[PDB]
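Descriptive structure summary
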Amino acid sequence: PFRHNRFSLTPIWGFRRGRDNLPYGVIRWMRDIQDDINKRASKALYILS
Amino acid sequence: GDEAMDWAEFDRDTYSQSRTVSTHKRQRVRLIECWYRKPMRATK
Amino acid sequence: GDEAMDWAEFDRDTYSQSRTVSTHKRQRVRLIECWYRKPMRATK
Amino acid sequence: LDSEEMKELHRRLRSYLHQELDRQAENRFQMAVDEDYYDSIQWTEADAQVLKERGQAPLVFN
């Protein structure tokens, strides 16, 4: 019924991947570094213990 | 087409590595718009 | 011509190391504009 | 009007498009790879496999 010829849902975009235009958030790279940080901390604690 | 846009379209087409496509499949075509300049040699 | 401009033009013409060039090909020619000075010895 | 000359024009345009595609293939590939490196994708497949055999998860600093 709406006069405007556009979808109801409006997408608030973010970083868009260049290859496929699939959106990705801020997290990805810092997630990688975070898992590395967790591995390093666990390894150091195990070596000390 | 070059590898960029063809790769994007074909990645969309393949969906997954091994997928059972149904009878209903969206069909996409390539249209190329060319703007070219040719001399006129106007008499004036 | 020196290596610079001919290198650019021949890189354009070569396309790649081995390509199947079609019958239709852009034909490019070289024109040289020479501005020279000669004394006239006007009596005045 | 398509038959008499537009077929020749279309063939000429297709030849020009092929020439400009193969001439710019190196640069097009380089720009594509630059865009891939922008979004934290910086490991080639061979060296990524080398890292995988090492037991080390590939990392991107970006």
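- Per the PDB record, this model was obtained through cryo-EM at a reported resolution of 3.8 Å.

**Regarding the environment of B:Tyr15**
Residues and elements named next belong to chain B.
- Along the polypeptide, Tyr-15 turns up in the segment after α1 (3–14).
- Note on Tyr-15: relative accessible area 41%, which makes it partly exposed.
- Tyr-15 sits 13 residues away from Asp-2 along the chain, and the two C-alpha atoms are 20 Å apart.
- Dropping the residues within four chain positions of it, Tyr-15 is found in contact with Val-21 and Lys-25.

**Overview of the layout of surface pockets**
- Of the volumes computed, that of the largest pocket is approximately 410 Å³.
- By residue class, the composition of the lining of the largest pocket is 7 nonpolar, 2 polar and 5 charged.

**Points about unusual backbone geometry**
- Phi at B:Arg41 takes a positive value of approximately 55°, unusual for a residue other than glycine.
- Inspection of the secondary structure assignment puts B:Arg41 in the segment after α1.
- Positioned with a positive phi, D:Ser40 is a non-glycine residue whose angle comes to about 55°.
- Within the secondary structure, D:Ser40 sits in the loop between α2 (25–38) and α3 (45–54).
- Look at D:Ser40 and you get buried, because its relative accessible area is 16%.

**Comments concerning the packing of aromatic side chains**
All names here are of chain A.
- In this structure the tally under the stated criterion is 3 aromatic pairs over all chains.
- Between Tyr-24 and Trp-29, the aromatic rings sit 6.4 Å apart at their centres with planes inclined by 75°, giving edge-to-face as the arrangement.
- Members of the aromatic cluster, each reached through a chain of ring pairs, are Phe-15, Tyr-24 and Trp-29.
- Just above the ring of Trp-13 sits the side chain of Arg-16; from NZ or CZ to the centre is 3.6 Å.

**Re the interface of chain D and chain C**
- Contacts between the two partners involve 9 residues from chain D and, on the opposite side, 7 residues from chain C.
- In this assembly, chain D packs against chain C so that about 820 Å² is buried in total across both faces, 52% of it on carbon and sulfur atoms.
- For the pair chain D and chain C, the number of links is 0 salt bridges.
- In terms of residue count, helix α1 (residues 2–23) of chain D provides more of the side of chain D that touches chain C than any other element does, 8 residues in total.

Rules used throughout
- Residues numbered from 1 in each chain as written, not as in the entry; some residues may be left out.
- Chains lettered and ligands numbered in written order.
- Part of a larger assembly, values for the part shown.
- Heavy atoms only, no water.
- Residues with missing side-chain atoms left out of burial classes, pairs and counts.
- Helix = DSSP H or I, 4+ residues; strand = E, 2+ residues; numbered from the N terminus.
- Buried < 20%, exposed > 50% of the residue type's maximum accessible area, 1.4 Å probe, protein only.
- Contact = heavy atoms within 4.5 Å.
- 1 Å grid on protein atoms, 1.4 Å probe; cavity = no way out; pocket = protein on both sides within 12 Å on 5 of 7 lines; lining within 4 Å.
- Points joined across faces, edges and corners; volume = space filled by probe spheres on them.
- Nonpolar A, V, L, I, M, F, W, Y, C, P; charged D, E, K, R; others polar.
- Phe/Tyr/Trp six-rings, centres within 6.5 Å; stacked < 30°, edge-to-face > 60°.
- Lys NZ or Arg CZ within 6 Å of the ring centre and 35° of its normal.
- Buried area = accessible area lost by both parts, 1.4 Å probe.
- Salt bridge = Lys/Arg side-chain N within 4 Å of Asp/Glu carboxyl O.

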